[PDB]
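For the protein sequence lines, the chains are f, l, h, d, a and e, in the order given. Taking the authors' numbering, the leading residue of the first sequence gets 43, the next gets one more, and so forth. Taking the authors' numbering, the leading residue of the second sequence gets 22, the next gets one more, and so forth. Taking the authors' numbering, the leading residue of the third sequence gets 28, the next gets one more, and so forth. Taking the authors' numbering, the leading residue of the fourth sequence gets 29, the next gets one more, and so forth. Taking the authors' numbering, the leading residue of the fifth sequence gets 1, the next gets one more, and so forth. Taking the authors' numbering, the leading residue of the sixth sequence gets 18, the next gets one more, and so forth. One structure is given below, encoded as structure tokens.
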Amino acid sequence: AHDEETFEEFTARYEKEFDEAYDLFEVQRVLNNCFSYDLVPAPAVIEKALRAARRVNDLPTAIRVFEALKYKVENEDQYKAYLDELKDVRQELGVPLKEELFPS
Amino acid sequence: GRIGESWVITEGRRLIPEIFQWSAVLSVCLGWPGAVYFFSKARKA
Amino acid sequence: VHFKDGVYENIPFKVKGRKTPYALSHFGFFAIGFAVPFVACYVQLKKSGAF
Amino acid sequence: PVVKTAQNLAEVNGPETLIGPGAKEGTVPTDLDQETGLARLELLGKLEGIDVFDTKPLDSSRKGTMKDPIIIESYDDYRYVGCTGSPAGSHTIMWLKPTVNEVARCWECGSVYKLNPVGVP
Amino acid sequence: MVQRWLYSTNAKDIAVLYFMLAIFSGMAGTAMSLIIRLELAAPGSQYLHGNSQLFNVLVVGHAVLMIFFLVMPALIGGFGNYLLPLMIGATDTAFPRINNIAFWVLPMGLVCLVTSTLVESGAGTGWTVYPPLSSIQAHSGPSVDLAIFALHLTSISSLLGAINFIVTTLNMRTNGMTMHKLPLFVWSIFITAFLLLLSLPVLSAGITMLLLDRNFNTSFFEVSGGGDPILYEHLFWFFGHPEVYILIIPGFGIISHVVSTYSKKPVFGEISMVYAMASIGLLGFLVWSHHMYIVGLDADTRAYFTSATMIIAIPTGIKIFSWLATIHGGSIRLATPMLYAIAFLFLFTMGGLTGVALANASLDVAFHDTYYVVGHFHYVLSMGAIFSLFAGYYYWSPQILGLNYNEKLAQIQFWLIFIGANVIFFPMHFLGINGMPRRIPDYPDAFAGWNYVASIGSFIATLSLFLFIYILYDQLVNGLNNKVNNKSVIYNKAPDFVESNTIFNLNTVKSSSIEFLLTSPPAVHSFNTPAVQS
Amino acid sequence: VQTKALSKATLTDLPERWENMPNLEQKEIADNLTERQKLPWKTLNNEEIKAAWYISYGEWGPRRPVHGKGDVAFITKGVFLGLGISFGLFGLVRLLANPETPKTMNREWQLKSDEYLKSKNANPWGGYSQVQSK
Ligand code: HEA
Ligand code: HEA
Ligand SMILES: [Cu+2]
Ligand SMILES: [Mg+2]
Ligand SMILES: [Zn+2]
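Laid out in structure tokens, this is it:
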């Protein structure tokens, strides 16, 4: 569809596309196709992406979500007010970030 | 955006150092005839 | 007959199994290519003046 | 030895069966009489109903992933397949190389392609 | 091996031979450019003492050899013969003996052009070989007859290749290639092969009229006797502008593909880009006399042609804007063909802007047969077609030859040819607007500095080609060791961000045309079965 | 609880160890890490999370950079060396050209040749002085 996609149609289409993946190629593929759009996705998309990366049982694609997002955002105040919205999902899912994992 | 440092400042900080290096690379991609004229004997060297 | 394919059976030069080094043929090709205008200049400079 | 000339597409047995009978002394030859080889094969096929050298854009109706792939057919061990989405023109054309021992996954559409390699080498 | 290289009706083993004559003739032509710019380095009779006829012979040899035996083979013949069957899924081309005779009548045009520069001092006219400078009264000998028989043979070669290309991409496409789904280099070779058979018949007619009023006593351009030399200027430049649009349109195709595949983005509006390229093709015939603003045309027809050459200028502009749009927002992996693709945009936009400075029929009276013109075409022809040629070789030859080159030597070769060719042709503009005419052996010694600067640059531009020759040698004897021992780049398309390495090794090549899915050096029967597409 | 954790010595210092490890050990710790990820994620120790991130996403193999480890210095050294080499070879090619100059090249001729110009006021507002010789 070459007609534009509003934000609600975007987040509903991609939530129903993150729910259906079963392999690892599918999760990374739909994650790349979600991040290589123009907008940054709302955390309703990305907590579902974290659950869909938990279903395949591999860790580093549940970390590169956070680093790709840090490359996505326009400053770090948006990044901090973002990351305190995905706090408890990051807690009980137990994934790390980059800056505390690789201190440099 | 809505909350954060404003887009005018956070893109001026990205692009204002780029203008001077663009001017440098254009002044040395088109201005080397001035540098070769400066040392020759036509400028009473 | 389909001619058999490899990494060195796509070019007219034989490279691996030779008797002479490959640098001889590969640089003599561009030596004669770079020296055909010089021999044109020589045959044109002995026909009119000197050299 | 004994050779007949393959009245339709069922009785071909190689390149020695596509000859056919010659014309007479006065009649102009028809293409059924004298044409031989691959052209005779295509003519006999088109007179039977089928046409050989099956040219068709591949089925991009369903998506299809590793539970049931998109099955393609080739007489060799590989077949270059240019995927263009779950509709006919969704994303730009990405070329995959499904072979006999590996499926081909699109990475932009997501569909997979697997062969039934006919072969007979 | 005699039946694989001398008879050889297979479009993969004809393109290698095309490329071999291309590198041979390009070496000969740049030896002539080195000799020209070495003699023009200082006023007073240098290395060739006196003898302006030898300099005229050298400049027509450089011009016609490097146009019709390097750029046209290594863009039309070699690259089209290797890639036009390999992108649309034909097993190989239609009329295979026709593009074998096209290649095999190239180097006999080359050997008669070489032996034309030896007999009775020689053809000196420049590549736009004009009457009555070339008629038998003012130029006696069998030299320019062999020099234009070379053009007859090259003309025949390029037309046979054009008919070959046109039918082999109008009929033998693969299963799903529609009329507008082809990659853009196929469309460039398509439109270029149309402009060849729509243009060069007029050229061959005009130059055989030149031959049979040289030797067969007719009077087409012999003026005392009825004719006029203005008719040759018309009949020549009616080919002479479509010839360079032929030489530059596959450059646009190559640059489109390499900026599409080194920025991980499709080209911005491929349909509008191919409409712009096709309109450039069908419009490049209507502006043939912008090389004849001086000879005595009316101001009304000069007004028409200076109106129409700017509408020639606009779709090249929208093509360059689409190139900026398709490299914008990408993930640009700066390898060595992407460097040439980036340099081509700037170094061709510069020449096109000075070209539309030339295109005003008002302004052409101050700039005609003047080194400003040399600065324009030695931008848009040299840097254009040959930076696209280098971005064709450094991008395709790991797939064709199957041997990976050295990377750091490729980047020093790019920066050496970029610096050492930007220092040559940039003082030509100052020599032009200060008043230096073309084709002089040398000059009144006022403007004695910019020629010296250009001559100190041409040695850099020659040393970079010597390093390119060493790149060819290091690729040919150290291909597998540059695969293994970490001197090269192996994947031209990098893995995306959130994709693992174990997942990149599944889908190795994310192409959009067929050519990077065939194995290194590809099989002689690649498409046994057709290559389906939806 | 079935699979065992990798010990410290098999997995220490892995971004500094991945390039010279044999290709039979790399498949083993790749298998071991991709089965260790099937547990709850909080019981994955902090020594092996860096190992998994470098194995799946590190700058090795496919993600190797095109300008790696000071090769920008090598290519600018090659560019300036090529400029110097071409300058020297242009000089010693220039050395063998022709012994004598045209006689109107030294400054003594140029002063007369622009005195003649200012006699007839040619190029009055722009430049008219011609010397260009030492
Ligand atoms: C193909 C077009 C082409 C190219 C590339 C060049 C490039 C050069 N030319 Fe020019 N030239 C002409 C076509 C070209 N020229 C024409 C048509 C005229 C007009 C003649 C007339 O009207 O009388 C002219 C005139 C002309 C003049 C003006 C003289 C005059 O008329 O008064 C000069 C002076 O410097 C010159 C010398 C050079 C030099 C030193 C180069 C250097 O740039 C050469 C260095 C080039 C390279 C190093 C390119 C790489 C070479 C390869 C072989 C790469 C191989 C790669 C593959 C095969 C993929 N030629
Ligand atoms: C490769 C072939 C080729 C190409 C592509 C061009 C490109 C152009 N050339 Fe050139 N030209 C030659 C080959 C070529 N030329 C040759 C061989 C000679 C010497 C002949 C001789 O011996 O006498 C010559 C010299 C020459 C002349 C003859 C002058 C004379 O001899 O007296 C003219 C006249 O109009 C001209 C004009 C142009 C224009 C307007 C373009 C345009 O096509 C350029 C288009 C590009 C741009 C316009 C820039 C990109 C666009 C934008 C950035 C958008 C904004 C731009 C605008 C709004 C203008 N050039
Ligand atoms: Cu033109
Ligand atoms: Mg003219
Ligand atoms: Zn797809």
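For every residue, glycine included, the Cβ atom is placed at its ideal position computed from N, Cα and C.
Residue i and residue j: beta carbons closer than 8 Å?
{"i": "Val105(a)", "j": "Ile156(a)", "result": "yes"}
{"i": "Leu506(a)", "j": "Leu403(a)", "result": "no"}
{"i": "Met277(a)", "j": "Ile249(a)", "result": "yes"}
{"i": "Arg438(a)", "j": "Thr354(a)", "result": "no"}
{"i": "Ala448(a)", "j": "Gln127(e)", "result": "no"}
{"i": "residue 13(e)", "j": "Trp35(e)", "result": "As displayed, chain e neither begins before 18 nor continues past 151, which places residue 13(e) out of reach and without an answer."}
{"i": "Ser88(d)", "j": "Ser513(a)", "result": "no"}
{"i": "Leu92(f)", "j": "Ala110(f)", "result": "no"}
{"i": "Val64(a)", "j": "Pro132(a)", "result": "no"}
{"i": "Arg37(a)", "j": "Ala454(a)", "result": "yes"}
{"i": "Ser130(e)", "j": "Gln147(e)", "result": "yes"}
{"i": "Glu120(a)", "j": "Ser135(a)", "result": "no"}
{"i": "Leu182(a)", "j": "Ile271(a)", "result": "no"}
{"i": "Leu517(a)", "j": "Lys125(d)", "result": "yes"}
{"i": "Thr168(a)", "j": "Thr93(a)", "result": "yes"}
{"i": "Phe387(a)", "j": "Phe344(a)", "result": "yes"}
{"i": "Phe252(a)", "j": "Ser188(a)", "result": "yes"}
Taking its Cβ as the centre, do 16 or more other Cβ atoms sit within 10 Å of residue i, making it buried, or is it exposed?
{"i": "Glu32(l)", "result": "exposed"}
{"i": "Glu68(f)", "result": "buried"}
{"i": "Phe104(e)", "result": "exposed"}
{"i": "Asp100(f)", "result": "buried"}
{"i": "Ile37(l)", "result": "exposed"}
{"i": "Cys50(l)", "result": "exposed"}
{"i": "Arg23(l)", "result": "exposed"}
{"i": "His291(a)", "result": "buried"}
{"i": "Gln62(d)", "result": "exposed"}
How about residue i: is its Cβ closer than 7 Å to a heavy atom in ligand 1?
{"i": "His378(a)", "result": "yes"}
{"i": "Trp396(a)", "result": "no"}
{"i": "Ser458(a)", "result": "yes"}
{"i": "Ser45(a)", "result": "no"}
What I want to know is whether the C-beta of residue i ends up closer than 7 Å to one or more non-hydrogen atoms of ligand 5.
{"i": "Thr112(d)", "result": "yes"}
{"i": "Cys50(l)", "result": "no"}
{"i": "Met122(d)", "result": "yes"}
{"i": "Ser139(d)", "result": "yes"}
{"i": "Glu59(f)", "result": "no"}
{"i": "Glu68(f)", "result": "no"}
What do you reckon, is the C-beta of residue i under 7 Å from a heavy atom of ligand 6?
{"i": "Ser78(f)", "result": "Ligand 6 is absent from the structure shown, which contains only ligand 1, ligand 2, ligand 3, ligand 4 and ligand 5."}
What are the partner residues of residue i, as DSSP defines its beta bridges?
{"i": "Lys129(e)", "result": "Per DSSP, none; premise fails for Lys129(e)."}
{"i": "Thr127(d)", "result": "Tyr106(d)"}
{"i": "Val140(d)", "result": "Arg133(d)"}
{"i": "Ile460(a)", "result": "Its beta-bridge partners do not exist; DSSP assigns none."}
{"i": "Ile98(d)", "result": "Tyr141(d)"}
{"i": "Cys111(d)", "result": "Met122(d)"}
{"i": "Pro437(a)", "result": "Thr370(a)"}
{"i": "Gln137(a)", "result": "Looking at the DSSP assignment, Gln137(a) forms no beta bridge with any residue, so it has no partner."}
Is residue i near ligand 2, in the sense that its beta carbon is under 7 Å from a heavy atom of that ligand?
{"i": "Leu339(a)", "result": "no"}
{"i": "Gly330(a)", "result": "no"}
{"i": "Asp364(a)", "result": "yes"}
{"i": "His290(a)", "result": "yes"}
At a cut-off of 7 Å, would you count residue i as near ligand 3, judging by its Cβ distance to the nearest heavy atom?
{"i": "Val244(a)", "result": "yes"}
Quick check: is any heavy atom of ligand 4 less than 7 Å from the C-beta of residue i?
{"i": "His368(a)", "result": "yes"}
(request) For the segment 271-313 of chain a, list the alpha helix (DSSP H) runs that are entirely contained and at least 4 residues long, ordered along the chain. (result) Counting whole runs of 4 or more residues, the segment 271-313 of chain a contains no alpha helix (DSSP H) stretch at all.
(message) So within the segment 467-512 of chain a, which uninterrupted alpha helix (DSSP H) runs reach at least 4 residues, ignoring any that extend past its ends?
(response) Restricting attention to alpha helix (DSSP H) runs no shorter than 4 residues, the segment 467-512 of chain a encloses them at 479-484 and 501-504, ordered along the chain.
(message) Just to confirm the assignment: which complete beta strand (DSSP E) runs, minimum length 3, are found wholly within the segment 34-111 of chain a?
(response) Qualifying beta strand (DSSP E) stretches: none in this window.
(message) Restricting to runs no shorter than 4 residues, where is the alpha helix (DSSP H) found entirely within the segment 75-139 of chain e?
(response) Those alpha helix (DSSP H) runs which fall completely within the segment 75-139 of chain e and span 4+ residues are 88-111 and 124-136.
(request) Quick one: which unbroken alpha helix (DSSP H) runs of 4-plus residues sit fully inside the segment 68-138 of chain f? Chain order, please. (result) 85-98, 106-114, 119-125 and 129-135, all fully within the segment 68-138 of chain f.
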